[PDB]
Every structure is written in structure tokens, then in C-alpha cells.
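Here's work-v5.txt, which has compact mmCIF, C-alpha atoms:
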# COMPACT_ATOMS: atom_id res chain seq x y z
CA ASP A 3 5.22 104.89 148.42
CA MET A 4 7.24 106.20 151.37
CA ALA A 5 8.11 102.55 152.02
CA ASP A 6 9.47 102.45 148.45
CA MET A 7 11.89 105.31 149.19
CA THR A 8 13.58 103.66 152.18
CA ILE A 9 17.32 103.03 152.17
CA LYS A 10 19.23 100.79 154.55
CA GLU A 11 22.86 99.70 154.53
CA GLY A 12 24.79 97.11 156.45
CA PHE A 13 27.32 94.31 156.52
CA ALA A 14 26.50 90.63 156.36
CA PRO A 15 29.28 88.74 158.18
CA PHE A 16 30.68 86.08 155.84
CA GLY A 17 33.24 83.95 157.63
CA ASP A 18 35.80 86.38 159.00
CA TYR A 19 34.80 88.87 156.31
CA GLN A 20 32.08 91.44 155.68
CA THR A 21 29.66 91.65 152.76
CA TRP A 22 28.43 95.20 152.30
CA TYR A 23 24.80 95.47 151.16
CA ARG A 24 22.25 98.20 150.45
CA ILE A 25 18.47 97.76 150.48
CA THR A 26 16.39 100.29 148.56
CA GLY A 27 12.62 100.10 148.97
CA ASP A 28 10.04 97.99 150.75
CA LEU A 29 11.81 94.81 151.79
CA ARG A 30 9.00 93.18 153.76
CA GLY A 31 5.84 94.85 152.44
CA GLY A 32 6.82 94.85 148.78
CA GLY A 33 6.98 92.02 146.32
CA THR A 34 9.75 89.57 145.68
CA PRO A 35 12.98 91.47 146.45
CA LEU A 36 15.51 91.78 143.63
CA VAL A 37 19.20 91.12 144.32
CA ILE A 38 21.63 92.81 141.90
CA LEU A 39 24.77 90.82 141.11
CA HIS A 40 27.51 93.04 139.68
CA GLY A 41 30.08 91.83 137.15
CA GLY A 42 33.82 91.45 136.92
CA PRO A 43 34.44 89.32 138.95
CA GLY A 44 36.01 92.11 141.03
CA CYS A 45 33.71 94.96 140.08
CA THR A 46 31.43 96.80 142.51
CA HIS A 47 27.76 97.67 142.79
CA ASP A 48 28.43 101.26 141.76
CA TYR A 49 28.10 100.95 138.01
CA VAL A 50 24.79 99.01 138.43
CA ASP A 51 23.42 101.60 140.90
CA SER A 52 20.69 102.58 138.42
CA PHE A 53 18.70 99.38 139.17
CA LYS A 54 17.52 101.07 142.39
CA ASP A 55 14.88 102.54 140.03
CA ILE A 56 12.98 99.26 140.29
CA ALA A 57 12.28 100.07 143.96
CA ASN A 58 9.73 102.62 142.81
CA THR A 59 7.66 99.75 141.38
CA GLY A 60 6.96 98.35 144.85
CA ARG A 61 9.69 95.79 145.49
CA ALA A 62 13.02 96.21 147.24
CA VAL A 63 16.30 96.25 145.32
CA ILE A 64 19.35 94.80 147.08
CA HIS A 65 22.84 95.83 146.02
CA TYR A 66 25.97 94.34 147.48
CA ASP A 67 29.70 94.34 146.84
CA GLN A 68 31.09 90.89 146.32
CA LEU A 69 33.93 89.93 148.62
CA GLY A 70 37.27 91.37 147.56
CA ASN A 71 36.37 94.87 146.34
CA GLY A 72 34.25 97.92 147.03
CA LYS A 73 32.88 98.36 150.52
CA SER A 74 33.24 94.66 151.31
CA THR A 75 36.37 93.09 152.83
CA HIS A 76 39.45 93.45 150.64
CA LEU A 77 41.87 90.49 150.62
CA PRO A 78 44.84 91.47 148.40
CA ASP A 79 47.02 88.64 149.71
CA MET A 80 44.65 86.07 148.14
CA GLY A 81 45.47 84.74 144.69
CA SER A 82 43.91 82.68 141.92
CA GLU A 83 43.30 79.71 144.26
CA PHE A 84 41.04 81.63 146.66
CA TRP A 85 38.83 83.48 144.13
CA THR A 86 36.41 80.86 142.82
CA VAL A 87 32.83 80.48 141.65
CA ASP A 88 32.15 78.44 144.79
CA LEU A 89 33.39 81.30 146.99
CA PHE A 90 30.94 83.77 145.46
CA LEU A 91 28.10 81.21 145.41
CA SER A 92 28.66 80.76 149.15
CA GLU A 93 28.73 84.52 149.74
CA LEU A 94 25.45 84.93 147.84
CA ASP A 95 23.78 82.16 149.86
CA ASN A 96 25.10 83.79 153.03
CA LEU A 97 23.65 87.18 152.12
CA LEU A 98 20.27 85.69 151.20
CA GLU A 99 19.99 83.86 154.51
CA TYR A 100 21.28 86.88 156.47
CA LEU A 101 18.56 89.12 155.04
CA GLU A 102 16.04 86.27 155.50
CA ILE A 103 14.93 86.45 151.85
CA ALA A 104 16.05 82.95 150.79
CA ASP A 105 12.41 81.79 150.61
CA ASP A 106 11.41 84.48 148.07
CA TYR A 107 13.94 86.36 145.94
CA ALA A 108 14.85 87.22 142.36
CA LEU A 109 18.32 87.73 140.89
CA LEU A 110 19.55 90.15 138.24
CA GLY A 111 23.10 89.36 137.14
CA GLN A 112 25.08 91.76 134.96
CA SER A 113 27.96 90.23 132.94
CA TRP A 114 29.88 88.06 135.48
CA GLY A 115 26.87 88.61 137.72
CA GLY A 116 24.71 86.70 135.24
CA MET A 117 27.28 83.91 135.11
CA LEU A 118 27.18 83.74 138.92
CA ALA A 119 23.39 83.97 138.95
CA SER A 120 23.19 81.13 136.43
CA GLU A 121 25.55 78.98 138.53
CA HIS A 122 23.24 79.66 141.46
CA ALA A 123 20.04 78.94 139.49
CA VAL A 124 21.15 75.69 137.78
CA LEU A 125 21.11 74.19 141.29
CA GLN A 126 17.33 74.86 141.33
CA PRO A 127 17.18 76.78 144.65
CA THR A 128 13.63 76.72 145.92
CA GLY A 129 13.31 80.36 146.95
CA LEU A 130 14.40 81.72 143.55
CA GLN A 131 11.45 83.24 141.70
CA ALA A 132 12.91 84.82 138.59
CA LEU A 133 16.19 85.42 136.83
CA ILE A 134 17.45 88.32 134.72
CA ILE A 135 20.63 87.71 132.72
CA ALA A 136 22.02 91.03 131.50
CA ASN A 137 24.93 91.20 129.04
CA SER A 138 26.42 87.83 130.03
CA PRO A 139 28.32 85.01 128.33
CA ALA A 140 27.48 81.34 128.80
CA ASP A 141 30.94 80.23 127.55
CA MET A 142 34.09 82.31 128.07
CA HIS A 143 35.70 81.08 124.84
CA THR A 144 32.80 82.60 122.90
CA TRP A 145 33.23 85.83 124.83
CA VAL A 146 36.89 86.06 123.83
CA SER A 147 36.22 84.88 120.27
CA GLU A 148 33.60 87.60 119.80
CA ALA A 149 35.82 90.13 121.59
CA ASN A 150 38.55 89.30 119.07
CA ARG A 151 36.11 89.78 116.18
CA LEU A 152 35.22 93.21 117.57
CA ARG A 153 38.91 94.03 118.05
CA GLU A 154 39.50 93.45 114.34
CA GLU A 155 37.11 96.41 113.77
CA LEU A 156 39.20 98.78 115.94
CA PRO A 157 41.64 101.23 114.31
CA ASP A 158 44.71 99.33 113.11
CA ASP A 159 47.18 101.09 115.41
CA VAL A 160 44.89 100.46 118.39
CA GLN A 161 44.73 96.73 117.69
CA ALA A 162 48.49 96.77 117.09
CA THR A 163 49.03 98.43 120.47
CA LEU A 164 46.83 95.87 122.23
CA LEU A 165 48.56 92.88 120.63
CA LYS A 166 52.05 94.24 121.33
CA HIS A 167 51.43 94.59 125.05
CA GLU A 168 49.53 91.30 125.30
CA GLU A 169 52.39 89.44 123.60
CA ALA A 170 54.99 91.13 125.83
CA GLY A 171 52.89 90.83 129.01
CA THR A 172 53.06 94.58 129.71
CA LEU A 173 49.41 94.59 130.77
CA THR A 174 49.68 97.69 132.98
CA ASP A 175 51.32 99.89 130.34
CA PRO A 176 49.33 103.12 129.82
CA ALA A 177 49.46 102.57 126.04
CA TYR A 178 47.74 99.20 126.49
CA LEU A 179 45.14 100.56 128.92
CA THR A 180 44.35 103.59 126.73
CA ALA A 181 44.12 101.41 123.63
CA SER A 182 41.72 99.28 125.67
CA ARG A 183 39.50 102.30 126.31
CA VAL A 184 38.80 102.60 122.55
CA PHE A 185 37.15 99.17 122.73
CA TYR A 186 35.35 100.06 125.96
CA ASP A 187 33.91 103.22 124.45
CA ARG A 188 32.34 101.11 121.68
CA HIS A 189 31.23 97.96 123.51
CA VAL A 190 31.31 98.45 127.28
CA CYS A 191 29.84 101.92 127.88
CA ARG A 192 29.01 104.33 125.07
CA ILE A 193 28.20 107.26 127.37
CA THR A 194 31.17 109.60 127.08
CA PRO A 195 32.45 110.69 129.47
CA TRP A 196 31.43 107.78 131.69
CA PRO A 197 28.72 108.32 134.31
CA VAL A 198 30.50 108.88 137.62
CA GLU A 199 28.97 105.73 139.08
CA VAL A 200 30.50 103.69 136.24
CA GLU A 201 33.80 105.50 136.89
CA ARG A 202 33.53 104.65 140.61
CA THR A 203 33.58 100.93 139.78
CA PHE A 204 36.52 101.19 137.37
CA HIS A 205 38.44 103.36 139.85
CA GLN A 206 38.01 100.69 142.54
CA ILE A 207 39.37 97.99 140.21
CA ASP A 208 42.40 100.19 139.50
CA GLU A 209 42.87 100.74 143.26
CA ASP A 210 42.62 97.01 144.07
CA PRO A 211 42.45 94.75 141.01
CA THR A 212 42.99 91.57 143.07
CA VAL A 213 39.78 89.76 142.09
CA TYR A 214 39.41 91.03 138.52
CA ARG A 215 43.04 90.20 137.72
CA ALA A 216 42.87 86.74 139.29
CA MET A 217 39.60 85.60 137.73
CA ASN A 218 39.31 87.63 134.51
CA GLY A 219 42.44 89.45 133.32
CA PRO A 220 43.70 93.00 132.74
CA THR A 221 40.78 94.14 130.54
CA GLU A 222 37.24 93.05 129.61
CA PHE A 223 38.41 91.33 126.41
CA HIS A 224 41.79 89.82 127.42
CA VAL A 225 40.47 86.99 129.57
CA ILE A 226 43.50 85.08 130.88
CA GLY A 227 42.44 84.51 134.50
CA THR A 228 40.84 81.47 136.07
CA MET A 229 37.45 82.05 134.35
CA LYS A 230 38.98 81.78 130.86
CA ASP A 231 37.67 78.23 130.27
CA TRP A 232 34.32 78.60 132.06
CA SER A 233 31.11 77.33 130.49
CA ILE A 234 27.57 76.79 131.75
CA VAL A 235 25.95 76.06 128.35
CA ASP A 236 25.25 72.37 128.99
CA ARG A 237 23.73 72.99 132.44
CA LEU A 238 21.43 75.89 131.53
CA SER A 239 18.45 73.64 130.89
CA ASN A 240 18.33 73.04 134.66
CA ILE A 241 17.14 76.59 135.32
CA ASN A 242 13.50 76.19 136.34
CA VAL A 243 12.41 79.83 136.82
CA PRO A 244 11.24 82.41 134.27
CA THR A 245 14.29 84.16 132.87
CA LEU A 246 14.77 87.44 131.03
CA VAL A 247 17.82 87.97 128.82
CA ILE A 248 18.78 91.54 127.94
CA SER A 249 21.64 92.84 125.82
CA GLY A 250 22.75 95.87 123.82
CA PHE A 251 23.13 96.15 120.07
CA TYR A 252 26.79 97.25 120.53
CA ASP A 253 27.39 94.91 123.52
CA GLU A 254 30.70 93.08 123.86
CA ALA A 255 28.19 90.39 124.90
CA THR A 256 27.18 90.07 121.25
CA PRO A 257 24.13 88.06 120.09
CA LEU A 258 26.34 84.95 119.72
CA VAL A 259 27.69 85.43 123.26
CA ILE A 260 24.23 85.47 124.88
CA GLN A 261 22.53 82.99 122.53
CA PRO A 262 22.97 79.86 124.74
CA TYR A 263 20.79 81.47 127.43
CA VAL A 264 18.03 81.98 124.87
CA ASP A 265 18.48 78.51 123.40
CA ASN A 266 18.79 76.43 126.55
CA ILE A 267 16.76 77.93 129.42
CA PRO A 268 13.23 76.42 129.22
CA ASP A 269 11.27 79.54 130.28
CA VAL A 270 13.09 82.45 128.67
CA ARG A 271 12.40 85.68 126.81
CA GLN A 272 14.80 88.26 125.37
CA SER A 273 14.94 92.04 124.90
CA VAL A 274 17.47 94.17 123.03
CA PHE A 275 18.40 97.81 123.55
CA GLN A 276 19.49 99.25 120.21
CA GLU A 277 21.33 102.30 121.54
CA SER A 278 23.25 100.37 124.17
CA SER A 279 26.36 98.31 124.50
CA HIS A 280 27.21 96.48 127.74
CA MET A 281 25.30 98.82 130.11
CA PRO A 282 21.73 99.43 128.93
CA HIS A 283 20.88 100.13 132.61
CA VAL A 284 22.66 103.49 132.15
CA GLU A 285 22.70 103.78 128.34
CA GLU A 286 18.91 103.33 127.99
CA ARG A 287 17.97 103.49 131.65
CA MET A 288 14.24 104.18 131.34
CA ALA A 289 13.64 101.38 128.84
CA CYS A 290 15.83 98.93 130.76
CA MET A 291 14.17 99.48 134.15
CA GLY A 292 10.71 99.34 132.58
CA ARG A 293 11.40 95.96 131.01
CA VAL A 294 12.88 94.45 134.17
CA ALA A 295 10.09 95.84 136.37
CA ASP A 296 7.39 94.57 134.00
CA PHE A 297 9.05 91.15 133.86
CA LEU A 298 9.19 90.88 137.65
CA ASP A 299 5.55 91.99 138.00
CA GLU A 300 4.55 89.28 135.55
CA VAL A 301 6.53 86.37 137.04
CA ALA A 302 7.37 87.09 140.70
CA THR A 303 5.23 87.93 143.76
CA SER A 304 3.92 91.48 144.31
CA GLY A 305 2.56 93.56 147.17
I need this file expressed as C-alpha cells, please.
Amino acid sequence: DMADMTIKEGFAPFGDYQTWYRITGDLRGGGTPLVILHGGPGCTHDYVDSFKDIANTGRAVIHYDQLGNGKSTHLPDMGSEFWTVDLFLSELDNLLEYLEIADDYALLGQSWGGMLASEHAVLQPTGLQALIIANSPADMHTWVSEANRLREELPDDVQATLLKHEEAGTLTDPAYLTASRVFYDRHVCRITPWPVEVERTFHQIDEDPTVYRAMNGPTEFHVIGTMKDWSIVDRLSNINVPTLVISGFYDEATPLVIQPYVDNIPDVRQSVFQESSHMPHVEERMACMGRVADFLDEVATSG
């Protein structure tokens, strides 16, 4: 159990850049290590910190900050053309080989992280043992369509504020950003005030929004960046590992948003957290870690 309480941190060189990572638990004596892929794109590991809990079940948990934010290399001079799915797929492959876990690993992807994990898994990598897709879309048009449906349930002045600034392009106006937080408090994180580790991620986006603005947009629901037309639906059937899909009752990743993962991955099961929105890992932490840990014990390798 002492081995399960180990922490190590480092940088994986990635081209001229640095990928920060953290390893919690027993990397070599434990079971299949679990790599946590944060969302955004352009978020950080901080708001998905809570998955370190899985280390107490006897496998290591690997966090890392994707290139462009957090403790990894920042590149604010890079625009929409640099920040691509292929860039982050390459960074993930680089980290896996650097830690020498590419023969035996599992991925948990949260929101964008699940999109990225699915892009990785539809290539059928041989060392992948298991996939968790948490609060993710399979088609960005569905994400926005369902976001719009949820926006029609916001207070009328709030939706009016959002539309006015989206039509004018004043996407940094405090009125727009505070109107946005009404949606977030319903469908992104219902813990109020936010856990500090969730705040740490959102503060880092505010400090350097380069990636999130390029690939996503100004807010979770106003997706105008380069991911706005993304879809993996038709390729999902290529995923050849056991997959777990989790989501929250109040999730901006509504049942329709996540449904293609359930419908198209051959070996899939689903769990729902009724008191959660987009972040069951902090909204219903005990239940969420227990389900992920049990799933990995069932399908991956143990020690």
C-alpha cells in the first residue's frame, strides 16, 4: 500500500516542448496504469485531479497537461493551424512511450479527453487495455444542438445576454462571461462555489486561452473553433477494447450527446450519476471512482 501512495512528477520532452506529467501510485508493481486525458482542448489536469483516488486500488494514475496550457509548454503565438487532433494524438503517443507503458495502459478521457481517447482507440493500438469515456460528445453538432436546447431553459435575460454578445462577437465581455456561468452552474459543475481544483483549471484558461479559443471557442457551449464540425460516430465501431461510458443527469453532455458511444462501440457499458452534471468525478466522487476502479479491475490487468 505504500507503493500505492507514491507520487512522481516530470516532463516528457515532446519535440522542442515539454509535457508535464504526474504519476500517483504503483507504476510498475500495480495493474494496468490509467492515463487521465483532460478536456477543453486547452484545459489542465487540475479539475480531474480527483481520479488519483484510483491509485488506492492498486494501479497507477497518470495525469498530464496537454501541450499549450498548465505546467506544459505554452505556445501563445500558435493559432488554429497548429492546434489539431493529430498534434495531441502525437503528444499522447510520445508520453506513453516515454513512460514505457505503451504495451499495457488504459485511458480515461473527460469531455475533449474522451474525444481524444476515442481518436486514439479507433486506430486499435495494441497496448490499450480499456477505455473510459466520461461526459464526451461523439459529434460536435450534437453537443451544440443540445447546448442550445439547454440554453432555452436558462432565464430569459441570461439567454438574451448570451445571444447579444455572440451576435456582436464581444466574447470577452464580462456580461457574456457571467451569463455563461449560469449555464455552467447547471450543466458543467453544480458544486457552488467551485472546488479550488476546478477553479485552477478555469483560471489557467483565462490566463492563457490559446488552445481552448483556437479549438473550441469562448465558452463550453459556443463552439466556433476548429473542433466545431468534428465527428467520430462512424468510426467508433473500430474500438476493440472494453469501454465504460459515464455521464451526469444534468450534464451538458446529455444522453443524446453520449448515445453514439453506447450505440457504436462493440464492448461497452454505461453508468449515470444522478446528482452530477459534467464532473461526476467531483460531484459524486466516491461513486465515480468506485465505478471506474471496478471496471478496470474487471477488464484490465491487476497486481
Mind pulling up the distance from CA of residue 27 (chain A) to CA of residue 8 (chain A)? 4.9 Å
Rounded to one decimal in Å, what is the spacing between CA of residue 164 (chain A) and CA of residue 203 (chain A)? 22.6 Å
Need to verify the contact set: residue 252 (chain A), 8 Å, all atoms listed in the file, exclusion of same-chain residues closer than 2 positions in sequence. Can you return it as number ranges by chain? A: 188-189, 250, 254, 256, 276-280
Which residues are close to residue 173 (chain A), i.e. within 10 Å by only C-alpha atoms, leaving aside same-chain residues fewer than 4 positions away? Reply as number ranges by chain. A: 164, 166-169, 177-179, 219-221, 224
Store the residues picked out above, limited to C-alpha atoms, as a PDB file, keeping the file's coordinate frame.
ATOM      1  CA  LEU A 164      46.830  95.870 122.230  1.00  0.00           C
ATOM      2  CA  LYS A 166      52.050  94.240 121.330  1.00  0.00           C
ATOM      3  CA  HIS A 167      51.430  94.590 125.050  1.00  0.00           C
ATOM      4  CA  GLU A 168      49.530  91.300 125.300  1.00  0.00           C
ATOM      5  CA  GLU A 169      52.390  89.440 123.600  1.00  0.00           C
ATOM      6  CA  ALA A 177      49.460 102.570 126.040  1.00  0.00           C
ATOM      7  CA  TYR A 178      47.740  99.200 126.490  1.00  0.00           C
ATOM      8  CA  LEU A 179      45.140 100.560 128.920  1.00  0.00           C
ATOM      9  CA  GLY A 219      42.440  89.450 133.320  1.00  0.00           C
ATOM     10  CA  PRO A 220      43.700  93.000 132.740  1.00  0.00           C
ATOM     11  CA  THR A 221      40.780  94.140 130.540  1.00  0.00           C
ATOM     12  CA  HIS A 224      41.790  89.820 127.420  1.00  0.00           C
TER      13      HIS A 224
END
Please produce, as a Markdown table, a per-residue contact table for region 86-144 of chain A versus region 63-80 of chain A (criterion: any atom at most 10 Å away, all atoms listed in the file considered), showing the nearest atom pair and its distance in Å to one decimal, sorted by chain then residue number.
| residue | atom | partner | partner_atom | distance |
| --- | --- | --- | --- | --- |
| A:89 | CA | A:69 | CA | 8.8 |
| A:90 | CA | A:68 | CA | 7.2 |
| A:93 | CA | A:69 | CA | 7.6 |
| A:94 | CA | A:68 | CA | 8.3 |
| A:97 | CA | A:66 | CA | 8.8 |
| A:101 | CA | A:64 | CA | 9.8 |
| A:108 | CA | A:63 | CA | 9.6 |
| A:109 | CA | A:64 | CA | 9.5 |
| A:110 | CA | A:63 | CA | 9.9 |
| A:115 | CA | A:68 | CA | 9.8 |
Just the residues within 8 Å of residue 40 (chain A), please, counting all atoms listed in the file, with nothing from its chain fewer than 6 positions along; format it as a PyMOL selection string. chain A and resi 46-47+50+67-68+111-115
From A:270, A:45, A:123, A:302, residue lying nearest residue 211 (chain A) [only C-alpha atoms]: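 The closest residue to residue 211 (chain A) is A:45.
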Give me, please, the distance in Å between CA of residue 244 (chain A) and CA of residue 269 (chain A), quoted to one decimal. 4.9 Å
Which one of A:191, A:241, A:246, A:258 sits closest to residue 284 (chain A) if you count only C-alpha atoms? A:191
Which residue gives the smallest distance to residue 49 (chain A) among A:283, A:153, A:122, A:24, with all atoms listed in the file counted? A:283
Could N, CA and C atoms be built for region 65-99 of chain A and written out as a CSV table (one decimal), keeping the file's coordinate frame?
chain,number,residue,atom,x,y,z
A,65,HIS,N,21.5,95.8,146.6
A,65,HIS,CA,22.8,95.8,146.0
A,65,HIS,C,23.8,95.3,147.1
A,66,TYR,N,24.9,94.7,146.6
A,66,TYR,CA,26.0,94.3,147.5
A,66,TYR,C,27.3,94.2,146.7
A,67,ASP,N,28.4,94.4,147.4
A,67,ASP,CA,29.7,94.3,146.8
A,67,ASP,C,30.2,92.9,147.1
A,68,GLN,N,30.6,92.2,146.1
A,68,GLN,CA,31.1,90.9,146.3
A,68,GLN,C,32.4,91.0,147.0
A,69,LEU,N,32.7,90.0,147.9
A,69,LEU,CA,33.9,89.9,148.6
A,69,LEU,C,35.1,90.3,147.7
A,70,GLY,N,36.0,91.1,148.2
A,70,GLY,CA,37.3,91.4,147.6
A,70,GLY,C,37.4,92.7,146.9
A,71,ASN,N,36.3,93.5,146.8
A,71,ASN,CA,36.4,94.9,146.3
A,71,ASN,C,35.3,95.7,146.9
A,72,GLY,N,35.3,97.0,146.6
A,72,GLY,CA,34.2,97.9,147.0
A,72,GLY,C,34.2,98.1,148.5
A,73,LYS,N,33.0,98.1,149.1
A,73,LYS,CA,32.9,98.4,150.5
A,73,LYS,C,33.0,97.1,151.3
A,74,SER,N,33.1,95.9,150.6
A,74,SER,CA,33.2,94.7,151.3
A,74,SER,C,34.7,94.5,151.7
A,75,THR,N,35.0,93.4,152.4
A,75,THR,CA,36.4,93.1,152.8
A,75,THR,C,37.3,92.9,151.6
A,76,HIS,N,38.4,93.6,151.6
A,76,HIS,CA,39.4,93.4,150.6
A,76,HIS,C,40.4,92.4,151.2
A,77,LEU,N,40.9,91.5,150.3
A,77,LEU,CA,41.9,90.5,150.6
A,77,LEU,C,43.0,90.4,149.6
A,78,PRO,N,43.8,91.4,149.5
A,78,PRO,CA,44.8,91.5,148.4
A,78,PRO,C,45.9,90.4,148.5
A,79,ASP,N,46.0,89.7,149.6
A,79,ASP,CA,47.0,88.6,149.7
A,79,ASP,C,46.5,87.3,149.1
A,80,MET,N,45.2,87.3,148.7
A,80,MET,CA,44.6,86.1,148.1
A,80,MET,C,44.8,86.1,146.6
A,81,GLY,N,45.2,84.9,146.1
A,81,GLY,CA,45.5,84.7,144.7
A,81,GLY,C,44.4,83.9,144.0
A,82,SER,N,44.8,83.4,142.8
A,82,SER,CA,43.9,82.7,141.9
A,82,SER,C,43.2,81.5,142.6
A,83,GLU,N,43.9,80.9,143.6
A,83,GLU,CA,43.3,79.7,144.3
A,83,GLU,C,42.1,80.0,145.2
A,84,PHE,N,42.1,81.2,145.7
A,84,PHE,CA,41.0,81.6,146.7
A,84,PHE,C,39.8,82.1,145.9
A,85,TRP,N,39.9,82.8,144.8
A,85,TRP,CA,38.8,83.5,144.1
A,85,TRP,C,38.2,82.5,143.2
A,86,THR,N,37.1,81.9,143.6
A,86,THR,CA,36.4,80.9,142.8
A,86,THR,C,34.9,81.1,142.7
A,87,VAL,N,34.3,80.5,141.7
A,87,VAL,CA,32.8,80.5,141.6
A,87,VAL,C,32.2,80.0,143.0
A,88,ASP,N,32.8,79.0,143.6
A,88,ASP,CA,32.2,78.4,144.8
A,88,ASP,C,32.2,79.5,145.9
A,89,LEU,N,33.3,80.2,146.0
A,89,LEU,CA,33.4,81.3,147.0
A,89,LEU,C,32.2,82.3,146.8
A,90,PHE,N,32.0,82.8,145.6
A,90,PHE,CA,30.9,83.8,145.5
A,90,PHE,C,29.5,83.2,145.5
A,91,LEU,N,29.4,81.9,145.2
A,91,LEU,CA,28.1,81.2,145.4
A,91,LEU,C,27.8,81.1,146.9
A,92,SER,N,28.8,80.8,147.7
A,92,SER,CA,28.7,80.8,149.2
A,92,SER,C,28.3,82.1,149.7
A,93,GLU,N,29.0,83.2,149.2
A,93,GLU,CA,28.7,84.5,149.7
A,93,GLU,C,27.3,84.9,149.4
A,94,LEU,N,26.8,84.6,148.2
A,94,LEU,CA,25.4,84.9,147.8
A,94,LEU,C,24.5,84.2,148.7
A,95,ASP,N,24.7,82.9,149.0
A,95,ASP,CA,23.8,82.2,149.9
A,95,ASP,C,23.8,82.7,151.3
A,96,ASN,N,25.0,83.2,151.7
A,96,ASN,CA,25.1,83.8,153.0
A,96,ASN,C,24.3,85.1,153.1
A,97,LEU,N,24.4,85.9,152.1
A,97,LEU,CA,23.6,87.2,152.1
A,97,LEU,C,22.2,86.9,152.1
A,98,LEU,N,21.7,86.0,151.3
A,98,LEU,CA,20.3,85.7,151.2
A,98,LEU,C,19.7,85.2,152.5
A,99,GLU,N,20.5,84.3,153.2
A,99,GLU,CA,20.0,83.9,154.5
A,99,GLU,C,20.1,85.0,155.6
